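Report on the following structure.
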Protein chains: 6
Amino acid sequence: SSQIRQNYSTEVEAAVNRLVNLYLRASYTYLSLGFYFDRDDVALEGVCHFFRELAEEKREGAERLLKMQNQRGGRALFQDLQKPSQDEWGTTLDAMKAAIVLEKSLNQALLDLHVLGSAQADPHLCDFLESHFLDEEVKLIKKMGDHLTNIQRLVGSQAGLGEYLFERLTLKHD
Amino acid sequence: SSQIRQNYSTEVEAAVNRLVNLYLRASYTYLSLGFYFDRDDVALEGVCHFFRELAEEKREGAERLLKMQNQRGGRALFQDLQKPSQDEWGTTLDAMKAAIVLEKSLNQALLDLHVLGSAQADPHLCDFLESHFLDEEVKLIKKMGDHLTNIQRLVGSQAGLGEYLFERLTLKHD
Amino acid sequence: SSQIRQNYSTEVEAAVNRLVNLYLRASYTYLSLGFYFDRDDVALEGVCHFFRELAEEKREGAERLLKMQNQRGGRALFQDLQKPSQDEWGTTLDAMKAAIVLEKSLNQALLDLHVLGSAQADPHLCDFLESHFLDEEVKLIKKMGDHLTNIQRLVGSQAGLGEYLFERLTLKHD
Amino acid sequence: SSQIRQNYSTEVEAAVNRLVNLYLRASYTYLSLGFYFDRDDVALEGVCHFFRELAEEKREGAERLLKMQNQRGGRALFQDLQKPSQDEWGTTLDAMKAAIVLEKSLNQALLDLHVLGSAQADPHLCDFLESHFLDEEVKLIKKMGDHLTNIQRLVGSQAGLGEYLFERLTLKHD
Amino acid sequence: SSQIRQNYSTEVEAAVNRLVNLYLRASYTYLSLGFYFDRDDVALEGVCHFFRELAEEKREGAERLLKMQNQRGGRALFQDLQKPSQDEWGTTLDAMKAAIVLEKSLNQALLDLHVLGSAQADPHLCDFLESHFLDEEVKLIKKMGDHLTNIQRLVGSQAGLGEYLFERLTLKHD
Amino acid sequence: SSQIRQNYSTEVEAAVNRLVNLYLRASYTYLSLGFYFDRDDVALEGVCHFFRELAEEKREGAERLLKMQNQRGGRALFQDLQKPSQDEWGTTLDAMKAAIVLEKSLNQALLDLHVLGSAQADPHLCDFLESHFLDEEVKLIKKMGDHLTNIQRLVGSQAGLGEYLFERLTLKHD
Ligand SMILES: [Cl-]
Ligand SMILES: [Cl-]
Ligand SMILES: [Cl-]
Ligand SMILES: [Cl-]
Ligand SMILES: [Cl-]
Ligand SMILES: [Cl-]
């Protein structure tokens with residue numbers, strides 16, 4: 001079949017298609033998180049913007065994987081995309097906890113694919129993940145952890161005040 | 001009589017004059033709200049500015065209706081303007097609640113005039129309201145709802161602190 | 001009560017609130033005059049613009065009085081606003097005569113408040129009126145008088161011609 | 001037949017073709033009006049320019065309808081274009097009266113097509129007319145009405161003087 | 001419940017959520033179409049770019065609907081997203097035929113929601129669709145129809161040549 | 001009658017009015033040709049643009065004749081405008097053949113009027129045609145002939161391919 005494919009296992013090809021589904025799932029989760037914080041009865045603009053930006057980031061990660069799949073001569077295969085785990089996301093703290101859980105699941109999927117690529121002696125795949133995904137994920141998880149700590153310190157006995165202040169003074173808004 | 005009037009019912013003409021009175025009433029309400037928050041014993045500059053801007057907006061809406069009345073060949077008729085419902089407006093929360101009530105009453109008057117225009121097969125009137133009023137009102141009511149949520153979250157057990165913080169960190173001031 | 005109020009009589013405070021009502025009444029009168037001259041069966045654009053500008057000027061005068069009321073520690077109190085004296089304003093000459101009458105009534109109210117301020121030994125009030133109102137009114141009444149003379153000279157036996165020419169060659173239009 | 005046509009009735013398609021004929025008729029009427037006022041024995045340059053501009057406007061309206069007909073998958077069908085109603089157009093007043101009559105006939109045709117579109121549940125057609133035709137027509141009829149009033153006021157007992165003055169001081173010329 | 005919701009039916013709210021699912025489905029379909037034409041054994045860059053741009057457009061339409069849902073005080077509810085109808089999309093002609101079918105299904109959903117909004121006397125919804133969706137869809141379907149005609153004329157007896165030429169000389173590429 | 005007319009025969013005056021009708025007929029023919037090539041089932045943008053430009057050119061020629069008629073003191077007289085000869089224009093080749101036929105008929109009318117002007121010893125008319133019409137027509141007919149030759153060479157056994165290529169590589173498009 002493929003005129004270009006070289007050193008690209010069927011196992012890696014399938015795992016890349018699965019990883020695309022995971023990233024598009026994550027993008028959809030962030031879309032939902034974003035619009036929840038835009039509700040008039042929630043109304044935390046900086047929180048909305050934070051998650052909308054992540055929805056775009058995860059979309060872009062999926063696109064990069066798809067580009068790479070074609071560069072290697074694999075075939076993109078798309079599956080249904082499950083809806084996010086919740087319809088309502090609670091407080092900023094609840095939301096940021098759910099986001100860290102989601103990011104750790106993406107990071108583990110990256111690490112798992114690196115293990116497979118390594119076992120298949122596929123250095124192009126391994127360096128692709130190293131160069132465009134692993135550090136991006138470490139940096140984002142650090143950021144989220146920083147945010148969680150600041151959110152947690154602001155709860156005190158005045159949760160509403162703290163949630164407002166975090167949105168106003170840490171998160172980016174107009 | 002009119003050399004230009006075409007497809008413009010007497011019912012619509014009268015309802016437009018009434019709507020002008022409603023908008024000028026609303027402008028006057030906002031003038032009063034604005035100067036209340038400028039009192040030395042109230043002194044919330046961002047709140048003052050918010051309502052003064054709305055007084056100008058409602059004035060402008062009345063002017064647009066009057067322009068349209070002449071464009072269609074109707075006759076502007078002005079009636080007395082009642083004073084606002086209160087002389088003192090309480091807290092920012094009280095004020096923002098009164099403002100949302102006022103805006104919903106203007107929105108219902110717009111919707112009622114759209115019903116009449118539709119029934120009179122007056123598409124110029126219907127598109128005039130759609131193009132220059134309905135979405136402006138939806139956007140403003142959303143904004144006010146967002147504000148109400150943030151005000152409410154800041155009350156906690158420290159109402160003065162929360163009222164200060166909202167004025168400082170959400171509303172526009174010098 | 002007031003933490004800032006000093007040398008500010010209740011009599012002056014009330015008279016300022018009344019003067020605000022007079023200026024907003026005058027603004028409303030000019031709004032009506034303006035839209036009358038915008039009628040397709042009247043259609044004197046320069047006349048329309050002249051009165052619309054005065055509606056804005058009178059609004060601004062009311063706002064300045066309200067600002068001053070708060071600066072002195074008085075309390076703004078708003079009353080109903082009566083509608084203008086006429087629904088239709090006749091010729092440019094009729095309109096300019098009504099405007100001069102209106103301006104002389106505002107000027108007399110200014111002068112009356114100056115008398116009260118003087119009697120109450122309130123030099124801040126007296127200089128406020130001198131600096132921001134008295135000369136503005138003298139200048140406007142002179143302008144209107146100039147206009148009345150030119151309108152009157154153009155009536156001749158050809159009233160329509162003269163009314164057109166005055167609008168075209170004295171008043172500001174596009 | 002058509003690969004793109006959706007929700008586009010034969011009735012609307014035919015009425016659009018008729019409306020194109022009406023607009024091109026109107027354009028031709030304005031061409032004739034324009035060149036009449038360019039005659040050396042008429043010689044009212046501002047009047048000539050006014051009508052030549054309207055000939056272009058009506059041409060453009062016909063072109064927009066034709067574009068829309070193709071966008072919806074209808075078929076443009078052209079019919080003969082009748083010549084204007086007069087060869088000589090009388091005074092500026094006669095001409096402006098004929099123009100208002102013409103514009104009211106175009107406005108009624110627009111309104112009639114809106115009724116048909118509404119009855120056919122064709123919201124694209126209805127919004128097309130609302131967005132690009134109805135307000136343009138209301139604005140033009142208001143302008144013409146304004147002009148008629150000023151022309152009429154200038155007739156007096158000196159018709160030639162008034163006709164000159166209107167052309168010089170209201171209408172655009174070099 | 002909602003502090004802002006006014007004249008916004010539960011029926012419209014649900015239909016908007018369904019329409020979001022339809023637009024995100026369409027975006028996913030275009031993502032798949034785009035990456036198919038990027039395959040080394042397909043390799044039609046202009047075709048790839050055409051569909052990738054549409055994936056972004058449909059995403060943006062879904063985002064606009066979600067924004068509007070919150071502006072009106074409805075609640076966004078997300079459902080699973082089905083995968084596209086095909087894994088391989090055939091020729092440019094096959095692909096463009098599938099795209100027109102997809103667009104006509106989105107257009108019918110828009111028209112159906114307009115019918116519901118009209119029946120619910122919801123003019124804000126109706127004008128929202130008119131202003132941001134209906135004409136965009138008519139323009140896109142016209143474009144696709146134009147493309148289909150040119151593709152079809154190029155098939156002749158030399159399908160590969162024609163498919164190359166269309167991609168090179170009609171579609172945008174680097 | 002005319003204060004300016006000199007050396008301008010009634011025969012020339014009438015022939016100029018007829019020539020205006022011919023040019024406006026030709027403009028209408030080109031309008032129809034243009035919109036035919038804009039049909040979604042025809043879709044040859046460069047061909048559409050070619051004929052739309054000619055519709056404008058022929059309109060302008062009619063306007064120049066009308067200007068000249070007034071400059072000489074003749075009287076413009078407009079007649080009904082017949083619709084174009086066809087509703088559907090076939091292939092680019094069919095269309096370009098019809099256009100050359102049309103242009104040769106305009107050229108012969110120009111030449112015929114030059115004969116009349118010459119016989120009437122009307123050098124202003126003769127030079128007017130020489131300076132603004134005769135060479136423009138020769139240049140356009142040469143262009144059309146060039147186009148016909150290239151269209152004809154591209155028919156071969158692959159008519160659709162050739163028609164596409166001509167539109168793409170000879171005619172001006174976006
Ligand atoms: Cl699920
Ligand atoms: Cl009252
Ligand atoms: Cl009264
Ligand atoms: Cl006729
Ligand atoms: Cl499925
Ligand atoms: Cl015929």
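Each chain in the structure tokens gets a letter, A, B and so on, in the order shown; residues start at 1 in every chain, and ligands are counted from 1 in the order they appear.
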Taking only C-alpha atoms into account, produce a table as CSV in which each residue of chain E with an atom at most 9 Å from an atom of chain B appears once, together with its shortest atom pair and the distance in Å to one decimal, ordered by chain and rising number.
```
residue,atom,partner,partner_atom,distance
E:3,CA,B:145,CA,6.5
E:4,CA,B:145,CA,6.1
E:5,CA,B:141,CA,8.9
E:6,CA,B:104,CA,7.7
E:7,CA,B:108,CA,8.6
E:70,CA,B:142,CA,8.1
E:71,CA,B:142,CA,5.6
E:72,CA,B:138,CA,6.8
E:73,CA,B:142,CA,7.9
E:121,CA,B:115,CA,7.7
E:122,CA,B:111,CA,8.5
E:123,CA,B:130,CA,7.1
E:124,CA,B:134,CA,6.2
E:127,CA,B:130,CA,6.4
E:128,CA,B:135,CA,8.6
```
Could I get the residue neighbourhood of ligand 4 at 12 Å, counting only C-alpha atoms and all ligand atoms, as a PyMOL selection string? (chain D and resi 25+28-29+80-87) or (chain F and resi 78-82)
Expressed in Å, the length from CA of residue 24 (chain D) to CA of residue 173 (chain F) is 26.6 Å
Per-residue DSSP, region 18-111 of chain A, filtered to alpha helix (DSSP H), as number ranges by chain: A: 18-37, 45-72, 92-111
Let's have chain A fitted on chain F; use all the C-alpha atoms paired in order for the least-squares step and return it as a JSON list (two decimals) with C-alpha atoms, in the first residue's frame.
```json
[["chain", "number", "residue", "atom", "x", "y", "z"],
["A", 1, "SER", "CA", -36.91, 77.35, -30.60],
["A", 2, "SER", "CA", -33.31, 76.50, -29.60],
["A", 3, "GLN", "CA", -30.98, 79.28, -28.61],
["A", 4, "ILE", "CA", -27.82, 77.17, -29.11],
["A", 5, "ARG", "CA", -28.57, 74.85, -32.04],
["A", 6, "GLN", "CA", -26.37, 75.45, -35.06],
["A", 7, "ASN", "CA", -25.66, 73.20, -38.05],
["A", 8, "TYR", "CA", -27.51, 70.32, -36.31],
["A", 9, "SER", "CA", -29.99, 68.61, -38.62],
["A", 10, "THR", "CA", -33.28, 67.02, -37.54],
["A", 11, "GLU", "CA", -32.08, 63.86, -39.34],
["A", 12, "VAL", "CA", -28.94, 63.63, -37.17],
["A", 13, "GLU", "CA", -30.94, 64.45, -34.03],
["A", 14, "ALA", "CA", -33.32, 61.54, -34.70],
["A", 15, "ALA", "CA", -30.54, 59.14, -35.65],
["A", 16, "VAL", "CA", -28.72, 59.97, -32.38],
["A", 17, "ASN", "CA", -31.89, 59.13, -30.39],
["A", 18, "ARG", "CA", -32.13, 55.79, -32.26],
["A", 19, "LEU", "CA", -28.46, 55.07, -31.58],
["A", 20, "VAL", "CA", -29.07, 55.67, -27.86],
["A", 21, "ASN", "CA", -31.79, 53.01, -27.99],
["A", 22, "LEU", "CA", -29.36, 50.61, -29.75],
["A", 23, "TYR", "CA", -26.66, 51.16, -27.10],
["A", 24, "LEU", "CA", -29.09, 50.74, -24.19],
["A", 25, "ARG", "CA", -30.41, 47.54, -25.90],
["A", 26, "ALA", "CA", -26.80, 46.32, -26.12],
["A", 27, "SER", "CA", -26.18, 47.17, -22.45],
["A", 28, "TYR", "CA", -29.27, 45.11, -21.53],
["A", 29, "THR", "CA", -28.07, 42.19, -23.68],
["A", 30, "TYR", "CA", -24.73, 42.26, -21.79],
["A", 31, "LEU", "CA", -26.48, 42.42, -18.41],
["A", 32, "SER", "CA", -28.33, 39.21, -19.36],
["A", 33, "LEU", "CA", -25.16, 37.54, -20.66],
["A", 34, "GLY", "CA", -23.37, 38.44, -17.44],
["A", 35, "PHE", "CA", -25.96, 37.01, -15.09],
["A", 36, "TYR", "CA", -26.28, 33.83, -17.22],
["A", 37, "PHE", "CA", -22.58, 33.03, -16.63],
["A", 38, "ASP", "CA", -23.15, 33.68, -12.84],
["A", 39, "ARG", "CA", -25.74, 30.83, -12.70],
["A", 40, "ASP", "CA", -24.63, 28.01, -10.37],
["A", 41, "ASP", "CA", -25.09, 25.55, -13.30],
["A", 42, "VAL", "CA", -22.90, 27.67, -15.62],
["A", 43, "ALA", "CA", -20.39, 29.20, -13.16],
["A", 44, "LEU", "CA", -17.78, 30.87, -15.39],
["A", 45, "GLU", "CA", -16.74, 33.89, -13.37],
["A", 46, "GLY", "CA", -14.34, 35.39, -15.93],
["A", 47, "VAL", "CA", -17.03, 35.17, -18.60],
["A", 48, "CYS", "CA", -19.57, 36.80, -16.25],
["A", 49, "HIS", "CA", -17.10, 39.65, -15.55],
["A", 50, "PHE", "CA", -16.30, 40.15, -19.25],
["A", 51, "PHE", "CA", -19.94, 40.71, -20.16],
["A", 52, "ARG", "CA", -20.85, 42.76, -17.04],
["A", 53, "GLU", "CA", -18.01, 45.15, -17.99],
["A", 54, "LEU", "CA", -19.42, 45.46, -21.49],
["A", 55, "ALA", "CA", -22.87, 46.24, -20.09],
["A", 56, "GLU", "CA", -21.31, 49.20, -18.26],
["A", 57, "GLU", "CA", -19.38, 50.27, -21.41],
["A", 58, "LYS", "CA", -22.50, 50.33, -23.57],
["A", 59, "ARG", "CA", -24.41, 52.28, -20.88],
["A", 60, "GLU", "CA", -21.60, 54.82, -20.88],
["A", 61, "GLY", "CA", -21.73, 55.13, -24.67],
["A", 62, "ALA", "CA", -25.44, 55.90, -24.50],
["A", 63, "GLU", "CA", -24.77, 58.54, -21.82],
["A", 64, "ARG", "CA", -22.10, 60.17, -24.01],
["A", 65, "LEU", "CA", -24.52, 60.35, -26.94],
["A", 66, "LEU", "CA", -27.19, 61.92, -24.67],
["A", 67, "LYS", "CA", -24.69, 64.49, -23.39],
["A", 68, "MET", "CA", -23.77, 65.37, -26.96],
["A", 69, "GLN", "CA", -27.44, 65.63, -28.00],
["A", 70, "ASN", "CA", -27.96, 68.33, -25.33],
["A", 71, "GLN", "CA", -24.64, 70.05, -26.20],
["A", 72, "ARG", "CA", -25.86, 70.48, -29.76],
["A", 73, "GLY", "CA", -29.38, 71.60, -28.73],
["A", 74, "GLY", "CA", -31.21, 68.48, -29.84],
["A", 75, "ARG", "CA", -33.83, 66.79, -27.67],
["A", 76, "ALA", "CA", -33.36, 63.37, -26.14],
["A", 77, "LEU", "CA", -36.37, 61.12, -26.82],
["A", 78, "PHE", "CA", -36.50, 57.68, -25.25],
["A", 79, "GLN", "CA", -38.33, 54.67, -26.62],
["A", 80, "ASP", "CA", -39.17, 51.29, -25.19],
["A", 81, "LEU", "CA", -36.17, 48.96, -24.82],
["A", 82, "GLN", "CA", -36.61, 45.50, -26.21],
["A", 83, "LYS", "CA", -35.41, 42.55, -24.15],
["A", 84, "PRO", "CA", -32.37, 40.57, -25.29],
["A", 85, "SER", "CA", -32.64, 38.02, -28.07],
["A", 86, "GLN", "CA", -32.10, 34.98, -25.83],
["A", 87, "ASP", "CA", -32.86, 33.99, -22.20],
["A", 88, "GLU", "CA", -30.06, 31.36, -22.14],
["A", 89, "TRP", "CA", -26.76, 31.95, -23.98],
["A", 90, "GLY", "CA", -25.26, 28.46, -24.43],
["A", 91, "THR", "CA", -21.51, 28.03, -24.28],
["A", 92, "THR", "CA", -18.80, 30.69, -23.97],
["A", 93, "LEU", "CA", -18.31, 30.19, -27.71],
["A", 94, "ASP", "CA", -22.01, 30.76, -28.42],
["A", 95, "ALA", "CA", -21.95, 33.85, -26.23],
["A", 96, "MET", "CA", -18.82, 35.33, -27.80],
["A", 97, "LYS", "CA", -20.26, 34.73, -31.29],
["A", 98, "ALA", "CA", -23.48, 36.56, -30.28],
["A", 99, "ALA", "CA", -21.39, 39.40, -28.83],
["A", 100, "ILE", "CA", -19.39, 39.86, -32.07],
["A", 101, "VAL", "CA", -22.63, 39.94, -34.06],
["A", 102, "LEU", "CA", -23.98, 42.60, -31.65],
["A", 103, "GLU", "CA", -20.79, 44.66, -31.88],
["A", 104, "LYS", "CA", -20.77, 44.56, -35.68],
["A", 105, "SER", "CA", -24.37, 45.84, -35.63],
["A", 106, "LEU", "CA", -23.37, 48.76, -33.36],
["A", 107, "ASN", "CA", -20.34, 49.45, -35.60],
["A", 108, "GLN", "CA", -22.55, 49.54, -38.70],
["A", 109, "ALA", "CA", -24.94, 51.97, -36.94],
["A", 110, "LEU", "CA", -21.96, 54.19, -36.09],
["A", 111, "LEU", "CA", -20.76, 54.06, -39.70],
["A", 112, "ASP", "CA", -24.27, 54.81, -40.97],
["A", 113, "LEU", "CA", -24.52, 57.87, -38.72],
["A", 114, "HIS", "CA", -21.08, 59.00, -39.94],
["A", 115, "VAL", "CA", -22.38, 58.78, -43.52],
["A", 116, "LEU", "CA", -25.39, 60.95, -42.57],
["A", 117, "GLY", "CA", -23.25, 63.44, -40.70],
["A", 118, "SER", "CA", -20.88, 63.67, -43.64],
["A", 119, "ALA", "CA", -23.78, 64.21, -46.07],
["A", 120, "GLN", "CA", -25.20, 66.92, -43.74],
["A", 121, "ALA", "CA", -21.73, 68.61, -43.54],
["A", 122, "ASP", "CA", -21.76, 68.18, -39.72],
["A", 123, "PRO", "CA", -18.05, 67.94, -38.83],
["A", 124, "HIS", "CA", -18.63, 68.16, -35.09],
["A", 125, "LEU", "CA", -20.79, 64.97, -35.26],
["A", 126, "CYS", "CA", -18.29, 63.22, -37.53],
["A", 127, "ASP", "CA", -15.33, 64.01, -35.26],
["A", 128, "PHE", "CA", -17.39, 63.06, -32.16],
["A", 129, "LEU", "CA", -17.92, 59.57, -33.58],
["A", 130, "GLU", "CA", -14.31, 59.28, -34.77],
["A", 131, "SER", "CA", -12.90, 60.42, -31.40],
["A", 132, "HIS", "CA", -15.11, 58.49, -28.97],
["A", 133, "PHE", "CA", -16.70, 55.53, -30.79],
["A", 134, "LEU", "CA", -15.15, 54.21, -34.00],
["A", 135, "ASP", "CA", -11.76, 53.17, -32.66],
["A", 136, "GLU", "CA", -13.27, 51.86, -29.41],
["A", 137, "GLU", "CA", -15.45, 49.56, -31.51],
["A", 138, "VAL", "CA", -12.57, 48.45, -33.77],
["A", 139, "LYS", "CA", -10.47, 47.59, -30.69],
["A", 140, "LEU", "CA", -13.30, 45.65, -29.05],
["A", 141, "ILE", "CA", -14.13, 43.65, -32.17],
["A", 142, "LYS", "CA", -10.42, 42.75, -32.52],
["A", 143, "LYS", "CA", -10.39, 41.58, -28.90],
["A", 144, "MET", "CA", -13.50, 39.48, -29.44],
["A", 145, "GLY", "CA", -12.05, 37.98, -32.59],
["A", 146, "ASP", "CA", -8.88, 37.07, -30.69],
["A", 147, "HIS", "CA", -11.04, 35.45, -28.00],
["A", 148, "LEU", "CA", -13.10, 33.50, -30.55],
["A", 149, "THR", "CA", -9.93, 32.06, -32.10],
["A", 150, "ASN", "CA", -8.61, 30.91, -28.70],
["A", 151, "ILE", "CA", -11.99, 29.49, -27.68],
["A", 152, "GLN", "CA", -12.23, 27.57, -31.00],
["A", 153, "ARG", "CA", -8.69, 26.16, -30.66],
["A", 154, "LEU", "CA", -9.58, 24.82, -27.16],
["A", 155, "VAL", "CA", -12.70, 22.90, -28.15],
["A", 156, "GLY", "CA", -10.79, 19.88, -29.51],
["A", 157, "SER", "CA", -12.53, 16.72, -28.26],
["A", 158, "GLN", "CA", -12.65, 17.99, -24.65],
["A", 159, "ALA", "CA", -15.05, 20.96, -24.74],
["A", 160, "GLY", "CA", -15.56, 21.28, -20.98],
["A", 161, "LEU", "CA", -11.81, 21.28, -20.27],
["A", 162, "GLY", "CA", -11.25, 23.92, -22.94],
["A", 163, "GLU", "CA", -14.05, 26.13, -21.68],
["A", 164, "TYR", "CA", -12.67, 25.98, -18.13],
["A", 165, "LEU", "CA", -9.11, 26.71, -19.27],
["A", 166, "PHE", "CA", -10.11, 29.72, -21.37],
["A", 167, "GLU", "CA", -12.03, 31.22, -18.43],
["A", 168, "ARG", "CA", -9.17, 30.56, -16.02],
["A", 169, "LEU", "CA", -6.18, 31.55, -18.15],
["A", 170, "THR", "CA", -7.45, 34.25, -20.55],
["A", 171, "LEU", "CA", -10.33, 35.99, -18.75],
["A", 172, "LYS", "CA", -9.94, 38.18, -15.68],
["A", 173, "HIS", "CA", -11.26, 36.69, -12.43],
["A", 174, "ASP", "CA", -10.52, 36.78, -8.67]]
```
